[PDB]
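Asker: Quick one: the structure is below, and I'll ask about it shortly.
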Amino acid sequence: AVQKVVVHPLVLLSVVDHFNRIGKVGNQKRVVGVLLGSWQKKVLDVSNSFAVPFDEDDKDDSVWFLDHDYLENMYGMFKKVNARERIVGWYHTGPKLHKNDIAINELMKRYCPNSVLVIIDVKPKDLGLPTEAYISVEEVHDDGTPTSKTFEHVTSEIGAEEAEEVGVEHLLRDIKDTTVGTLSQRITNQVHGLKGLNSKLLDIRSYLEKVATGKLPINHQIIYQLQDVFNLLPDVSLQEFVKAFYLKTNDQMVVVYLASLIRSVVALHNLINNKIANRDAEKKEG
Amino acid sequence: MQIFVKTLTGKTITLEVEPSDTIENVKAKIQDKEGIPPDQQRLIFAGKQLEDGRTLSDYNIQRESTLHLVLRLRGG
Amino acid sequence: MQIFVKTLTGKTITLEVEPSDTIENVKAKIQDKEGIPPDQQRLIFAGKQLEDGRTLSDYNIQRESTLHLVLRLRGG
Amino acid sequence: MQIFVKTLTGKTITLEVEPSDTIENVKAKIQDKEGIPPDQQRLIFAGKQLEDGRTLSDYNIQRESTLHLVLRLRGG
Amino acid sequence: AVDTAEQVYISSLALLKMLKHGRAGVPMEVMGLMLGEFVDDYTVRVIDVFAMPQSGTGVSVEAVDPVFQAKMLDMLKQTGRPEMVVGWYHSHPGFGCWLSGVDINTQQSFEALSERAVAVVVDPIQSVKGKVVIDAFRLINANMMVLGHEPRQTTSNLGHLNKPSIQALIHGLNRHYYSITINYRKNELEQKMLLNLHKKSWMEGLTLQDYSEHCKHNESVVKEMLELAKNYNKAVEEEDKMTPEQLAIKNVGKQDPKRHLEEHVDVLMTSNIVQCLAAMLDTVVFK
Amino acid sequence: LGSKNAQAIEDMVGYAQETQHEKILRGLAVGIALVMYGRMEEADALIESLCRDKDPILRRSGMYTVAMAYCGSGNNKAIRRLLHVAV
Amino acid sequence: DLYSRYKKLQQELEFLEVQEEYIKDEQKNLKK
């Protein structure tokens with residue numbers, strides 16, 4: 001169904017406001033709400049949101065409260081001031097999946113047959129991206145295990161509108177940025193790449209401990225996937241691949257040589273202009 | 001578990017409470033013992049402003065802490 | 001009788017009225033009390049609008065009921 | 001080895017670690033000693049703020065070094 | 001007497017909603033209602049704002065349902081927002097910022113209902129990526145001012161940092177009211193978000209550009225260099241042959257080959273460097 | 001004044017760091033620095049706290065402190081940073 | 001006295017150093 005989802009900044013600021021406000025009604029560690037949006041050509045666009053009361057008794061699953069006829073009432077009250085937008089899905093601000101949210105989803109799906117989940121973690125502890133997108137599917141099994149009802153991943157991004165990025169930029173007076181050109185490349189696409197890749201490999205590293213009797217091998221599936229990973233990775237950089245590499249490095253650098261030469265000649269020319277102009281005018285004004 | 005409250009008048013009020021109580025409850029106790037409406041009371045504890053929906057042990061208030069009441073006056 | 005009318009600001013007013021009074025008299029009393037002109041202010045009760053043409057008994061306004069006042073919002 | 005950490009009030013703490021020790025163990029043992037929640041803090045040495053995944057040896061930390069603890073005093 | 005220094009703190013969310021709502025009623029003075037609290041004699045803080053059902057005719061607008069307002073407000077309390085009304089706002093496209101005629105009248109009744117009210121005006125069509133045009137006003141006293149009394153007290157430089165524009169003087173700002181300074185006060189968590197708001201995934205950084213197509217671009221620019229070198233030789237030859245400014249003044253049509261020559265560097269460089277570096281790294285980090 | 005005091009600086013930076021009125025901060029931003037006076041290197045820890053703060057008025061009061069901490073010394077190590085902030 | 005001259009020059013050097021650093025920083029920041 002859905003191929004990608006796009007989020008506008010107004011939603012993210014709304015989430016954060018809700019998270020800070022709840023302290024006046026409870027003590028819970030999570031909050032839940034509704035996403036208003038629209039979509040076309042399997043590209044989904046979320047634009048606006050409001051938050052509805054929710055509560056959960058932490059020490060168990062299966063004991064939670066979610067207020068229907070407040071949701072229906074608000075949806076009515078909003079529709080009266082913008083006809084463009086319709087229920088699309090829901091969000092919660094927990095850092096990690098919870099046991100019961102599939103059972104939340106099977107409720108709120110009665111308001112929209114395609115409903116999508118967005119996790120918006122409000123306290124990042126890393127370099128990263130603040131949103132994740134999930135859709136619900138049924139899984140068969142080869143083990144003869146009964147059919148399982150389970151989430152599936154969807155790629156996500158932030159989008160923008162000209163009427164908002166004016167505000168975002170008026171507000172982004174906080175720190176440095178835009179170390180132009182060659183300065184920004186290597187930071188943005190080498191260092192902050194390698195840090196991510198490292199964190200991922202540490203995560204796999206940790207999981208393969210628990211299998212030391214701490215937990216049951218979750219499936220041979222995950223092991224088959226790992227074997228694909230270590231099989232695919234590029235062949236040892238030892239064959240005539242090396243020849244093909246040197247060729248392009250020569251060609252890549254030669255034109256650099258040319259450009260650098262151009263770069264120097266202009267400096268000499270500017271030098272001469274500065275020199276003559278100086279001395280002449282000096283003797284003249286003397 | 002004793003608590004001292006200071007009002008603008010400087011009168012001191014003593015409270016026997018529990019670390020898992022809530023600000024709503026202590027505001028109500030004050031309402032009972034002095035007659036001030038609960039919702040006019042705002043609680044001050046050093047700089048922090050205390051919020052009704054959560055519990056004293058979340059602010060780790062200790063024994064015999066001194067705690068200020070402020071009145072949000074209303075227009076008229 | 002006494003009647004309580006409260007506004008979007010959080011200020012509240014108490015009026016004295018007799019059941020035979022019309023809405024227009026209410027608005028006139030409000031203007032006397034505060035200076036808002038009678039044409040600007042809208043009144044609400046029990047989730048439906050008030051209108052002149054009727055006595056306060058007619059809407060079954062009981063002792064110590066609460067009314068909402070909301071202002072005309074015009075710009076140009 | 002013995003390392004020094006300074007807090008703003010002029011408190012100093014001396015602490016036992018190893019060259020291969022990682023930042024996370026340092027924060028853990030400072031928690032165990034003083035009770036500071038591990039996240040509410042930042043460690044500064046050589047005018048830089050350290051990264052939680054590296055070792056002390058990665059920053060060329062040497063014997064009897066003193067570093068500054070930065071603290072959100074009351075957390076909230 | 002009102003102190004010159006008193007601020008209005010608006011809370012970043014409210015501003016974004018004011019814009020995305022103003023830049024829609026493109027040629028019409030859309031309006032709305034604004035919620036906050038009076039912290040102190042030197043402050044007012046606005047925390048949120050919401051629209052209404054309303055209709056107009058280009059020359060005017062007003063809202064039609066009064067019940068909707070009380071119902072929405074009384075609903076919001078059930079989720080931690082007990083704050084009440086402190087003011088209102090409306091958008092002026094392209095005019096500038098001031099209060100005029102009717103806007104004073106609907107304003108002044110607020111002040112009979114609640115002193116210390118505030119009226120805000122924003123302009124969404126002059127604004128641009130660097131800066132947004134906002135103003136906040138309150139009415140001068142209803143005269144009795146032949147006394148020559150100042151409207152406000154002063155005990156700081158803090159209020160005289162800014163120059164009033166000619167337009168508001170035309171419509172009379174210091175003659176009928178006064179401006180109040182806007183200020184922003186972001187909290188920790190939202191500003192932590194606001195910087196993430198542009199981060200892009202690690203997946204991309206390690207990726208190579210195609211080597212074909214890349215070579216094509218290299219050959220394109222190198223063959224573009226020729227004509228500029230040829231022109232540059234003449235441009236060197238001919239200068240100082242006439243009066244100095246009459247170089248530039250006679251070079252408004254035809255381009256000057258120095259700049260176009262120079263700015264084809266910073267395209268061979270940058271590109272070739274970063275591609276060779278990225279390949280050179282990832283040849284190690286994978287096997 | 002000038003008698004550095006382990007306790008009072010906490011009892012006031014804690015209050016300044018967690019109150020909503022502005023005038024209180026515009027008073028304390030001076031009130032802190034006078035607890036240092038010529039103390040040369042001793043105060044440097046406090047310095048690195050305040051100059052890192054998000055809050056603009058504390059970030060300011062860092063500067064007054066590094067002025068009152070080094071009166072007349074002419075020490076280059078204070079200039080090199082106290083001027084870098086301006087730029 | 002040669003000594004005082006020596007010391008004066010010595011310090012002068014350092015002052016020059018810091019001024020050079022500051023103006024370098026300024027030249028980099030005005031572009032942004």
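In the structure tokens, chains take the letters A, B, ... in the order shown, each chain's residues start at 1, and ligands count up from 1 in the order shown.
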Near range 268-271 of chain E, counting only C-alpha atoms, which residues have an atom at most 9 Å away, once you skip same-chain residues fewer than 2 positions from it, shown as a list in words?

Answerer: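 Everything that qualifies: residues 181, 182, 185, 255, 256, 259 and 260 of chain A; 218, 221, 222, 264, 265, 266, 273, 274, 275 and 276 of chain E.
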
Asker: Quick one: superpose chain D on chain B on all Cα atoms, same order, and give the RMSD.

Answerer: 1.8 Å

Asker: Can you tell me, as a PyMOL selection string, what residues are no more than 6 Å from range 32-47 of chain E when counting only C-alpha atoms, ignoring any on the same chain fewer than 3 positions away?

Answerer: chain E and resi 6-11+50-51+83-89

Asker: Using DSSP on the backbone coordinates, identify the residues of chain B assigned to strand (DSSP E); present them as a list in words.

Answerer: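 Filtering chain B down to strand (DSSP E) leaves residues 2, 3, 4, 5, 6, 12, 13, 14, 15, 16, 41, 42, 43, 44, 45, 48, 49, 66, 67, 68, 69, 70 and 71 of chain B.
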
Asker: With a cut-off of 12 Å, could you pull out the residues of chain D touching chain B and give me the nearest pair of atoms for each, distance in Å to one decimal, using only C-alpha atoms, ordered by chain and ascending number, as JSON lines?

Answerer:
```
{"residue": "D:74", "atom": "CA", "partner": "B:48", "partner_atom": "CA", "distance": 9.8}
{"residue": "D:75", "atom": "CA", "partner": "B:59", "partner_atom": "CA", "distance": 10.2}
{"residue": "D:76", "atom": "CA", "partner": "B:48", "partner_atom": "CA", "distance": 7.8}
```

Asker: Could you take the residues named above and write them with N, CA and C atoms, as an mmCIF file, in the first residue's frame?

Answerer:
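Dumped to out.cif:
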```cif
data_model
loop_
_atom_site.group_PDB
_atom_site.id
_atom_site.type_symbol
_atom_site.label_atom_id
_atom_site.label_comp_id
_atom_site.auth_asym_id
_atom_site.auth_seq_id
_atom_site.Cartn_x
_atom_site.Cartn_y
_atom_site.Cartn_z
ATOM 1 N N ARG D 74 19.990 21.096 39.725
ATOM 2 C CA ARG D 74 18.845 20.445 40.337
ATOM 3 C C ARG D 74 18.118 19.516 39.374
ATOM 4 N N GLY D 75 18.627 19.342 38.158
ATOM 5 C CA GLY D 75 17.977 18.480 37.192
ATOM 6 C C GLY D 75 16.670 19.040 36.670
ATOM 7 N N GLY D 76 15.786 19.434 37.582
ATOM 8 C CA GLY D 76 14.487 19.977 37.231
ATOM 9 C C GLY D 76 13.561 20.101 38.424
#
```

Asker: With only C-alpha atoms as the counted atoms, please give the residues lying no more than 7 Å from residue 45 in chain C, apart from itself and same-chain residues fewer than 3 positions off, as JSON, numbers by chain.

Answerer: {"C": [48, 49, 50, 67, 68]}
